[PDB]
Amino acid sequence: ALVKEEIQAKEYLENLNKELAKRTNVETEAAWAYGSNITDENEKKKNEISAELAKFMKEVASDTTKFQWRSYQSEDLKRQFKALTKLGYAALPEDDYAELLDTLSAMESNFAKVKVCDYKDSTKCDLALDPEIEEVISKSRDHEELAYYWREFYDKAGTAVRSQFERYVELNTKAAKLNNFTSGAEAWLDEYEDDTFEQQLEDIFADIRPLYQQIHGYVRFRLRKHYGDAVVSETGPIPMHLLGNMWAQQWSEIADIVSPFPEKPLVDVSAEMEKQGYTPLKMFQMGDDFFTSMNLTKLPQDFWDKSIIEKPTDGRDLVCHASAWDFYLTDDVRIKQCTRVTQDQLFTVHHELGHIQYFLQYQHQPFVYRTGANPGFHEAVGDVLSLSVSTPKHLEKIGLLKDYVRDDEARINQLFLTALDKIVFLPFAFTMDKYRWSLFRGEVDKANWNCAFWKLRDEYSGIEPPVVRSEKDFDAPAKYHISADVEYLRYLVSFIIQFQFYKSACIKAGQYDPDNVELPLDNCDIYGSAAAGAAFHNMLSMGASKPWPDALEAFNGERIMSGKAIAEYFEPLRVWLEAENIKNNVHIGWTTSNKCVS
């Protein structure tokens, strides 16, 4: 009978969760060792442990059918059982799973091992993306030099893994169907527990899209004045190599040439960080200080002992792309970041520490609940702090911003600088998964895979490659997350909901009042606010124990994902920019790109 069985089921889950945490610890350790030190030996070890865990998960999923779990009274027990039925890749036959793991490490290691030759020195060929190539992309205003590094990187990080990517799509699809999802798109979207999630994002994106078009138009106008009309046309997509980022996902590196008021201050604290002798250690300690100032959890000793916060100086290959790691015990959490002393890196440190805080907040939960309310929640945490860290208010407090006068023009500069990151990112992030969804769903023929990528980049972001590409190239895997099989929609969700969290935290902190000119949202600093921290504790401690609207409700009483807050933040910019584009007769929109030959 069911009453007795539900009691047995509760005991079953309690033991299984603890077992899963312990088994996952071992897989995570091997994954950490490989990421910190890429070798054929470590790859083999990582993949063999994963195969072992997958086999165990199959048995778990099989064992769930022995319990009448759908018949139970407890919503909590039913939720835990449902989590256990979701095998993902582990649903694949033994041999297929092994092949997928081999395909995945082939792609990630290719990306991590990319090296190009110096533009000026063809004998020096040890330039890696992080930091050598990214430094040129962020700093050079030599458009031909930029185009050279763009092509070299995309050819090596992208085109080189086409065959592996193709097999990955096939096996990803096979896995999704074994879990009875239509494709990997539906498998990813399942994490958001909402059958209208795509439509919701289309609706929010459509509301913010006109502001992006205005920013795009103004930036193109300003780039024409810098590079001339031979490099940048008035009516075409912007050549992406001029935007200060390898993937044109963030344009903040070219703020010095596109800022609304060039004679007024533009916040760039990298030089002052170097002048004050900042180190990666100091940056992480400052991050820790921010969290604890909000009455949140201090970084444990394991973090400091085990984390890698600087790029190793030996000859070894590693994944430098920053990440945060949960080892599923108590207080064993780590970051691996090839940290540099820059303003954007200070934000990246806080982003990564946001993941760590989430790990610590929910580590008391049963294993299946030791993850974000949804993937976007996990990405949002650290960005909420970075928003306040980025304010002139905060940067003055820590002595990184000196002799700053916050007049109307300086405010517009700062709002624009923020938008070059936050608004610009939105169409980018959407296209990363729109692309992969379309491949997963079988909506694009293999003969059209490359130009399908560039078509989306054109349609949504109005950017294009610096040189003509074709189906002989394969450019998508040149973005880390595409080579590394990391879902990207989490970041689109994050960039929307982080403003919901930020607005609410600022109101709680007494730092934002819409009717008070002295408390604007764009200058809110939540440092030292226990009240804002209390909201975070209430939400983060839940992990995935409840559907995400319940986690949002615990933060601020709301249950709906909304673009209201991000629009509210940027409203003063929207008003000024619409007027400025009209003042300057700025062309808005773009013709279809000629840069991908079918």
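In case it trips you up, residue 1 is the first one in the sequence shown, and so on.
Higher mean CA temperature factor, per the PDB entry, when comparing 458-466 with 286-294: 286-294.
In this crystal structure, the stretch out of 248-256 and 121-129 whose C-alpha atoms carry the higher mean B factor is 121-129. Residues shown: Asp485, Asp203, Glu379, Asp302. Highest C-alpha temperature factor in the entry: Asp302.
Residues shown: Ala185, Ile356, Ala147, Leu519. Highest C-alpha temperature factor in the entry: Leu519. Per the PDB record, residue ranking by Cα B-factor puts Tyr168 in the lowest third of the chain. Ranked against the other modelled residues of its chain, the C-alpha B-factor of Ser562 as given in the entry falls in the middle third. Per the deposited record, the Cα B-factor of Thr418 falls in the lowest third when ranked against the other modelled residues of its chain. The PDB entry assigns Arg574 a C-alpha temperature factor belonging to the middle third of its chain's modelled residues.
In this PDB entry, the Cα temperature factor of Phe67 sits in the top third of its chain's modelled residues, the highest group.
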